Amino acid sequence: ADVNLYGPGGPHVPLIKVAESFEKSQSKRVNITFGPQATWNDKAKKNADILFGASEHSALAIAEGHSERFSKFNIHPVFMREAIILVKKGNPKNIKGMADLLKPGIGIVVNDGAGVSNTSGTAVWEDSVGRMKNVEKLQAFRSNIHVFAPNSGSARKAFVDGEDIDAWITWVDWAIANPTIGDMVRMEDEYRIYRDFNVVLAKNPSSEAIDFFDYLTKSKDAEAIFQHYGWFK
């Protein structure tokens, strides 16, 4: 490929469609490598043109591992989206928002990198629940957390395999890309958390990398593809 992007699993779904749209219109090829950082970090050292991220803090931690080529000051927000509650198909417990997750008998999976994996969802649950301004509510929610998952795959597995798991706090774009796995319930306005999709272009970038970066970050075509998955500007 002429342009190589690396980043976490999740945003690769619209990003690949953006790459495909770009490839239909001109001659350069664009490769999207995705998944947990550890699965591709050494390959990114060899040929990454752009690092993409699924939150600000996770992108910063990842980019710091590549500072020779990517500057933390050059991480560029492009789109954003809301966190959601993924519930089992049919919403059997009739969950209507974060307040319902405080009830007895509710089992929750959250994402937390735990200082060992750079994952986008770290601190989402505490920031949403903290806006309830009530420590007994924070205690109730936390006591219902069955799994603190370090990445997307482990959280998905805990949700799918766990009959006692009723909710996974994750991203709207994941739910839209995976509609057979669970249904989505929005967080209440007052407690909603939004994080971005970002990119950082390598120092001394190739003309091909610049072209793709411009298309992805500024095109209405790219915006429309990402909007399908709940992303917005």
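Start at 1 and count along the sequence shown; that's the residue number.
Novice: Got a sec? Mean C-alpha B-factor, which is higher, 208-216 or 20-28?
Specialist: Higher of the two, by average CA B-factor, is 20-28.
Novice: Do the CA atoms of 67-75 or those of 108-116 have the higher mean B-factor in the entry?
Specialist: Mean C-alpha B-factor is greater for 67-75.
Novice: Of the options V172, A167, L60, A202, which has the highest CA B factor as deposited?
Specialist: So the option with the highest C-alpha B-factor is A202.
Novice: Which one of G153, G130, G90, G121 shows the top CA temperature factor in the record?
Specialist: Reading the PDB entry, the winner on C-alpha B-factor is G90.
Novice: Going by what the PDB entry lists, where does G35 fall on CA B-factor within its chain: lowest, middle or highest third?
Specialist: Middle third, going by the recorded CA B-factors of the chain.
Novice: Per the entry's values, where does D196 land by CA temperature factor relative to the rest of its chain, in the lowest, middle or highest third?
Specialist: Tercile = lowest for this residue's CA B-factor.
Novice: Considering every modelled residue of the chain and its Cα B-factor in the PDB entry, is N41 in the lowest, middle or highest third?
Specialist: Ranked within chain, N41 CA B lands in the middle tercile.
Novice: Splitting the chain's C-alpha B-factors into thirds, which one does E163 fall into?
Specialist: For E163, the deposited C-alpha B-factor lands in the highest third.
Novice: Taking the C-alpha B-factors as the PDB entry records them, is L51 in the lowest, middle or highest third of its chain?
Specialist: According to the entry, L51 has a C-alpha B-factor in the chain's lowest third.
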